[PDB]
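S.K.: What follows is query-v2.txt; its format and atoms are compact mmCIF, N, CA and C atoms.
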```
# COMPACT_ATOMS: atom_id res chain seq x y z
N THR A 1039 -278.89 165.59 -36.42
CA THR A 1039 -279.80 166.69 -36.74
C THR A 1039 -281.27 166.41 -36.41
N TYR A 1040 -281.60 165.17 -36.03
CA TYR A 1040 -282.95 164.88 -35.57
C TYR A 1040 -283.04 165.07 -34.07
N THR A 1041 -284.25 165.03 -33.54
CA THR A 1041 -284.46 165.29 -32.12
C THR A 1041 -284.78 163.99 -31.38
N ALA A 1042 -283.92 163.66 -30.41
CA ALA A 1042 -284.21 162.54 -29.52
C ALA A 1042 -285.42 162.83 -28.63
N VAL A 1043 -286.19 161.78 -28.39
CA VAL A 1043 -287.30 161.76 -27.46
C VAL A 1043 -287.07 160.58 -26.53
N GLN A 1044 -287.14 160.84 -25.23
CA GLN A 1044 -286.89 159.84 -24.19
C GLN A 1044 -288.08 159.70 -23.28
N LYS A 1045 -288.29 158.47 -22.81
CA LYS A 1045 -289.36 158.14 -21.89
C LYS A 1045 -288.88 156.97 -21.04
N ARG A 1046 -288.84 157.16 -19.73
CA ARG A 1046 -288.33 156.16 -18.79
C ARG A 1046 -288.94 154.78 -19.02
N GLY A 1047 -288.09 153.79 -19.21
CA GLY A 1047 -288.55 152.41 -19.36
C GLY A 1047 -288.90 152.05 -20.79
N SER A 1048 -288.68 152.99 -21.72
CA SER A 1048 -288.88 152.75 -23.16
C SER A 1048 -287.63 152.98 -24.00
N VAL A 1049 -287.60 152.35 -25.17
CA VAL A 1049 -286.55 152.63 -26.15
C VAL A 1049 -286.73 154.05 -26.66
N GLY A 1050 -285.65 154.82 -26.71
CA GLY A 1050 -285.76 156.18 -27.20
C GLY A 1050 -286.16 156.24 -28.67
N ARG A 1051 -286.64 157.40 -29.10
CA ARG A 1051 -286.95 157.62 -30.51
C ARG A 1051 -286.32 158.91 -31.00
N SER A 1052 -286.33 159.10 -32.30
CA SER A 1052 -285.69 160.24 -32.92
C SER A 1052 -286.63 160.77 -34.02
N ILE A 1053 -286.88 162.07 -34.04
CA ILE A 1053 -287.83 162.67 -34.98
C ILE A 1053 -287.36 164.01 -35.56
N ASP A 1054 -287.75 164.28 -36.79
CA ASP A 1054 -287.55 165.59 -37.38
C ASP A 1054 -288.81 166.36 -37.06
N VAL A 1055 -288.71 167.32 -36.15
CA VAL A 1055 -289.90 168.06 -35.74
C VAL A 1055 -290.48 168.92 -36.87
N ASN A 1056 -289.65 169.27 -37.85
CA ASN A 1056 -290.13 170.03 -39.01
C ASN A 1056 -291.14 169.27 -39.86
N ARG A 1057 -291.21 167.97 -39.65
CA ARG A 1057 -292.23 167.15 -40.31
C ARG A 1057 -293.64 167.49 -39.79
N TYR A 1058 -293.73 168.04 -38.59
CA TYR A 1058 -295.03 168.29 -37.95
C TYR A 1058 -295.61 169.69 -38.22
N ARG A 1059 -296.94 169.76 -38.16
CA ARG A 1059 -297.72 170.97 -38.40
C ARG A 1059 -297.73 171.92 -37.20
N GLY A 1060 -297.64 171.35 -36.01
CA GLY A 1060 -297.72 172.11 -34.78
C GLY A 1060 -297.81 171.13 -33.63
N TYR A 1061 -298.15 171.62 -32.44
CA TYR A 1061 -298.12 170.80 -31.24
C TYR A 1061 -299.11 169.62 -31.19
N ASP A 1062 -300.30 169.76 -31.77
CA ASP A 1062 -301.28 168.68 -31.69
C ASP A 1062 -300.79 167.43 -32.42
N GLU A 1063 -300.24 167.66 -33.61
CA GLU A 1063 -299.73 166.59 -34.43
C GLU A 1063 -298.54 165.94 -33.72
N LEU A 1064 -297.58 166.76 -33.29
CA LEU A 1064 -296.44 166.26 -32.52
C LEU A 1064 -296.89 165.34 -31.39
N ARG A 1065 -297.81 165.81 -30.54
CA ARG A 1065 -298.32 165.00 -29.43
C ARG A 1065 -298.98 163.69 -29.85
N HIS A 1066 -299.88 163.74 -30.83
CA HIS A 1066 -300.59 162.54 -31.27
C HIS A 1066 -299.56 161.50 -31.67
N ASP A 1067 -298.61 161.95 -32.49
CA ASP A 1067 -297.60 161.05 -33.01
C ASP A 1067 -296.78 160.44 -31.87
N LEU A 1068 -296.35 161.27 -30.92
CA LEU A 1068 -295.53 160.73 -29.84
C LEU A 1068 -296.32 159.76 -28.98
N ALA A 1069 -297.63 159.97 -28.91
CA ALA A 1069 -298.47 159.07 -28.15
C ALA A 1069 -298.47 157.71 -28.86
N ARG A 1070 -298.66 157.74 -30.17
CA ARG A 1070 -298.55 156.54 -30.98
C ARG A 1070 -297.21 155.83 -30.73
N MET A 1071 -296.10 156.50 -31.06
CA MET A 1071 -294.76 155.91 -30.97
C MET A 1071 -294.43 155.25 -29.63
N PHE A 1072 -294.97 155.79 -28.54
CA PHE A 1072 -294.64 155.27 -27.23
C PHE A 1072 -295.77 154.45 -26.64
N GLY A 1073 -296.68 154.00 -27.50
CA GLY A 1073 -297.76 153.11 -27.09
C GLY A 1073 -298.61 153.69 -25.98
N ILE A 1074 -298.69 155.01 -25.94
CA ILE A 1074 -299.34 155.71 -24.85
C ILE A 1074 -300.53 156.55 -25.37
N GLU A 1075 -301.11 156.08 -26.47
CA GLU A 1075 -302.18 156.77 -27.21
C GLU A 1075 -303.36 157.25 -26.37
N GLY A 1076 -303.67 158.53 -26.49
CA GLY A 1076 -304.76 159.14 -25.75
C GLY A 1076 -304.25 159.93 -24.57
N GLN A 1077 -303.04 159.61 -24.12
CA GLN A 1077 -302.52 160.11 -22.84
C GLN A 1077 -301.68 161.37 -22.92
N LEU A 1078 -301.39 161.83 -24.14
CA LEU A 1078 -300.62 163.07 -24.35
C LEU A 1078 -301.43 164.17 -25.02
N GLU A 1079 -302.32 163.77 -25.93
CA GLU A 1079 -303.12 164.70 -26.72
C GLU A 1079 -303.82 165.79 -25.89
N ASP A 1080 -304.44 165.40 -24.77
CA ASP A 1080 -305.01 166.38 -23.84
C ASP A 1080 -304.07 166.60 -22.67
N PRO A 1081 -303.33 167.71 -22.69
CA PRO A 1081 -302.31 167.92 -21.66
C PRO A 1081 -302.94 168.27 -20.31
N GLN A 1082 -304.25 168.50 -20.30
CA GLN A 1082 -305.00 168.78 -19.09
C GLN A 1082 -305.50 167.49 -18.47
N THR A 1083 -305.99 166.59 -19.33
CA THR A 1083 -306.35 165.24 -18.93
C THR A 1083 -305.14 164.38 -18.54
N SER A 1084 -304.07 164.51 -19.32
CA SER A 1084 -302.92 163.62 -19.21
C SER A 1084 -302.03 163.85 -17.99
N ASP A 1085 -301.69 162.76 -17.31
CA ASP A 1085 -300.72 162.79 -16.22
C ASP A 1085 -299.31 163.17 -16.69
N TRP A 1086 -298.91 162.65 -17.85
CA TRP A 1086 -297.56 162.82 -18.34
C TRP A 1086 -297.23 164.29 -18.47
N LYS A 1087 -295.94 164.62 -18.41
CA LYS A 1087 -295.50 165.99 -18.65
C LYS A 1087 -294.58 165.95 -19.85
N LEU A 1088 -295.02 166.61 -20.91
CA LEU A 1088 -294.26 166.65 -22.15
C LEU A 1088 -293.36 167.88 -22.13
N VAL A 1089 -292.09 167.64 -22.30
CA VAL A 1089 -291.11 168.60 -21.88
C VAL A 1089 -289.98 168.60 -22.91
N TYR A 1090 -289.17 169.67 -22.98
CA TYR A 1090 -288.00 169.72 -23.92
C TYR A 1090 -286.69 170.42 -23.42
N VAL A 1091 -285.57 170.13 -24.06
CA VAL A 1091 -284.28 170.68 -23.63
C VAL A 1091 -283.85 171.90 -24.44
N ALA A 1092 -283.46 172.95 -23.73
CA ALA A 1092 -283.32 174.29 -24.29
C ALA A 1092 -281.97 174.89 -23.96
N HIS A 1093 -281.62 175.97 -24.64
CA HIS A 1093 -280.29 176.53 -24.53
C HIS A 1093 -279.98 176.90 -23.11
N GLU A 1094 -278.75 176.59 -22.71
CA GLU A 1094 -278.28 176.69 -21.35
C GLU A 1094 -278.80 175.48 -20.58
N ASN A 1095 -279.22 174.46 -21.33
CA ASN A 1095 -279.76 173.24 -20.75
C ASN A 1095 -280.98 173.45 -19.86
N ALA A 1096 -281.88 174.31 -20.31
CA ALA A 1096 -283.08 174.61 -19.55
C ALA A 1096 -284.24 173.76 -20.03
N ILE A 1097 -284.81 173.00 -19.10
CA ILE A 1097 -285.96 172.15 -19.36
C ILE A 1097 -287.25 172.95 -19.28
N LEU A 1098 -288.05 172.89 -20.34
CA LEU A 1098 -289.22 173.77 -20.49
C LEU A 1098 -290.42 172.95 -20.90
N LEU A 1099 -291.60 173.42 -20.56
CA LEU A 1099 -292.82 172.75 -20.95
C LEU A 1099 -293.08 172.93 -22.46
N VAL A 1100 -293.37 171.83 -23.16
CA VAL A 1100 -293.73 171.90 -24.58
C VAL A 1100 -295.11 172.55 -24.79
N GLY A 1101 -295.17 173.50 -25.72
CA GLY A 1101 -296.43 174.10 -26.10
C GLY A 1101 -296.60 175.52 -25.59
N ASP A 1102 -295.76 175.98 -24.65
CA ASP A 1102 -295.83 177.40 -24.24
C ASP A 1102 -295.50 178.32 -25.42
N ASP A 1103 -294.40 178.02 -26.12
CA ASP A 1103 -293.84 178.88 -27.16
C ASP A 1103 -294.62 178.78 -28.45
N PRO A 1104 -294.56 179.83 -29.30
CA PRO A 1104 -295.10 179.53 -30.63
C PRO A 1104 -294.23 178.48 -31.31
N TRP A 1105 -294.84 177.77 -32.25
CA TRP A 1105 -294.25 176.62 -32.90
C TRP A 1105 -292.88 176.87 -33.53
N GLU A 1106 -292.75 178.01 -34.19
CA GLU A 1106 -291.56 178.35 -34.96
C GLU A 1106 -290.35 178.47 -34.05
N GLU A 1107 -290.52 179.17 -32.94
CA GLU A 1107 -289.43 179.31 -31.97
C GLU A 1107 -289.05 177.94 -31.36
N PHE A 1108 -290.05 177.11 -31.09
CA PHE A 1108 -289.81 175.79 -30.51
C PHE A 1108 -288.97 174.95 -31.47
N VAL A 1109 -289.44 174.84 -32.70
CA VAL A 1109 -288.67 174.21 -33.75
C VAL A 1109 -287.23 174.73 -33.84
N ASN A 1110 -287.05 176.05 -33.67
CA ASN A 1110 -285.70 176.62 -33.77
C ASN A 1110 -284.77 176.42 -32.58
N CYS A 1111 -285.31 176.07 -31.42
CA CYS A 1111 -284.42 175.91 -30.28
C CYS A 1111 -284.38 174.51 -29.65
N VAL A 1112 -285.38 173.66 -29.92
CA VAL A 1112 -285.46 172.37 -29.24
C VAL A 1112 -284.25 171.42 -29.50
N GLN A 1113 -283.64 170.92 -28.43
CA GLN A 1113 -282.45 170.06 -28.55
C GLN A 1113 -282.81 168.59 -28.31
N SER A 1114 -283.83 168.36 -27.49
CA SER A 1114 -284.35 167.03 -27.22
C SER A 1114 -285.67 167.13 -26.47
N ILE A 1115 -286.34 165.99 -26.32
CA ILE A 1115 -287.68 165.98 -25.76
C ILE A 1115 -287.79 164.83 -24.78
N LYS A 1116 -288.47 165.05 -23.65
CA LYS A 1116 -288.77 163.98 -22.71
C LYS A 1116 -290.25 163.94 -22.33
N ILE A 1117 -290.73 162.72 -22.10
CA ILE A 1117 -292.04 162.47 -21.54
C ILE A 1117 -291.87 162.03 -20.09
N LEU A 1118 -292.32 162.85 -19.15
CA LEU A 1118 -292.02 162.59 -17.75
C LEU A 1118 -293.23 162.14 -16.99
N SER A 1119 -293.06 161.08 -16.22
CA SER A 1119 -294.09 160.67 -15.28
C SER A 1119 -294.15 161.68 -14.13
N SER A 1120 -295.27 161.66 -13.42
CA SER A 1120 -295.48 162.49 -12.25
C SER A 1120 -294.36 162.33 -11.21
N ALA A 1121 -293.90 161.10 -11.04
CA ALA A 1121 -292.81 160.79 -10.11
C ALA A 1121 -291.49 161.39 -10.54
N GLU A 1122 -291.19 161.31 -11.84
CA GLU A 1122 -289.95 161.87 -12.37
C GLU A 1122 -289.95 163.35 -12.08
N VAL A 1123 -291.10 163.98 -12.29
CA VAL A 1123 -291.28 165.40 -12.04
C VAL A 1123 -291.05 165.70 -10.56
N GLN A 1124 -291.63 164.88 -9.69
CA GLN A 1124 -291.50 165.13 -8.25
C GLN A 1124 -290.10 164.84 -7.74
N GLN A 1125 -289.29 164.21 -8.58
CA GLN A 1125 -287.91 163.90 -8.23
C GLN A 1125 -286.89 164.91 -8.76
N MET A 1126 -287.34 165.85 -9.59
CA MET A 1126 -286.52 167.00 -9.97
C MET A 1126 -286.29 167.90 -8.76
```
Please express the file's structure as structure tokens.

M.R.:
Amino acid sequence: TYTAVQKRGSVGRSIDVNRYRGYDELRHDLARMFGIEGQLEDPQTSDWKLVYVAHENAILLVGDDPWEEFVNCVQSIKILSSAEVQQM
């Protein structure tokens, strides 16, 4: 019932997204957990692409949706490098 978070070359993590207030908190925390602090909080500054798995297995950008809908549909979360993105 928790949400897996994956990042290439790191040990995966698992989180209850309902613990979070919204996207800023979620990002800060994930930056902490993956030793990547500072690099997710500003999605305009940050190279990484914070992304999630959705019904019909559709990969979507985190933060487009209002928080409530995201919480209700998110199946897992990935942090993607620019290269991973270019390899999709």

S.K.: Determine which residues of chain A DSSP labels as strand (DSSP E) from the backbone of this structure, then write them out as a ChimeraX atom specification.

M.R.: /A:1041-1045,1051-1053,1087-1092,1096-1099,1114-1118

S.K.: Could you tell me how far atom N of residue 1086 of chain A sits from atom N of residue 1074 of chain A, in Å to one decimal place?

M.R.: 11.1 Å

S.K.: Any idea what the distance is between atom N of residue 1110 of chain A and atom C of residue 1124 of chain A?

M.R.: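 Between atom N of residue 1110 of chain A and atom C of residue 1124 of chain A the gap is 28.4 Å.
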
S.K.: Restricting the calculation to all atoms listed in the file: of A:1053, A:1078, A:1091, A:1043, which residue gets closest to residue 1113 of chain A?

M.R.: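 That would be A:1091, the residue with the smallest distance to residue 1113 of chain A.
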
S.K.: Please measure the separation of atom CA of residue 1080 of chain A and atom C of residue 1061 of chain A, giving the value in Å to one decimal.

M.R.: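 Going from atom CA of residue 1080 of chain A over to atom C of residue 1061 of chain A, I get 10.0 Å.
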
S.K.: Determine the nearest neighbour of residue 1068 of chain A from the options A:1106, A:1117, A:1087, A:1041, counting only C-alpha atoms.

M.R.: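 Between A:1106, A:1117, A:1087, A:1041, the residue approaching residue 1068 of chain A most closely is A:1117.
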
S.K.: Which residues, written as number ranges by chain, have at least one atom at most 8 Å from residue 1101 of chain A, with all atoms listed in the file counted and residues fewer than 5 positions away on the same chain left out?

M.R.: A: 1061, 1088-1090, 1108

S.K.: Put those residues in a file: N, CA and C atoms, as a PDB file, in the frame of the given file.

M.R.:
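The result, stored in result_17.pdb:
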```
ATOM      1  N   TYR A1061    -298.150 171.620 -32.440  1.00  0.00           N
ATOM      2  CA  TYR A1061    -298.120 170.800 -31.240  1.00  0.00           C
ATOM      3  C   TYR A1061    -299.110 169.620 -31.190  1.00  0.00           C
ATOM      4  N   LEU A1088    -295.020 166.610 -20.910  1.00  0.00           N
ATOM      5  CA  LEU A1088    -294.260 166.650 -22.150  1.00  0.00           C
ATOM      6  C   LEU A1088    -293.360 167.880 -22.130  1.00  0.00           C
ATOM      7  N   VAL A1089    -292.090 167.640 -22.300  1.00  0.00           N
ATOM      8  CA  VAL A1089    -291.110 168.600 -21.880  1.00  0.00           C
ATOM      9  C   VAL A1089    -289.980 168.600 -22.910  1.00  0.00           C
ATOM     10  N   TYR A1090    -289.170 169.670 -22.980  1.00  0.00           N
ATOM     11  CA  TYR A1090    -288.000 169.720 -23.920  1.00  0.00           C
ATOM     12  C   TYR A1090    -286.690 170.420 -23.420  1.00  0.00           C
ATOM     13  N   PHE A1108    -290.050 177.110 -31.090  1.00  0.00           N
ATOM     14  CA  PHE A1108    -289.810 175.790 -30.510  1.00  0.00           C
ATOM     15  C   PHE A1108    -288.970 174.950 -31.470  1.00  0.00           C
TER      16      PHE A1108
END
```

S.K.: Which is closest to residue 1054 of chain A among A:1093, A:1077, A:1082, A:1109, if we use only C-alpha atoms?

M.R.: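 Checking each candidate against residue 1054 of chain A, we get A:1109 as the closest.
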
S.K.: Counting all atoms listed in the file, what is within 8 Å of residue 1071 of chain A, bar same-chain residues fewer than 5 positions away, as a list in words?

M.R.: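 Listing them by chain and then by number gives residues 1051, 1065 and 1066 of chain A.
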
S.K.: Which parts of segment 1050-1107 of chain A does DSSP call helix (DSSP H, G or I) when run on the backbone here, written out as a PyMOL selection string?

M.R.: chain A and resi 1055-1057+1061-1071+1105-1107

S.K.: Put the listed atoms of segment 1070-1083 of chain A in a box along x, y and z with 5 Å added on every side and give me the centre and edge lengths in Å to one decimal, as AutoDock Vina command-line options.

M.R.:
```
--center_x -300.4 --center_y 160.9 --center_z -24.8 --size_x 21.9 --size_y 25.7 --size_z 22.6
```
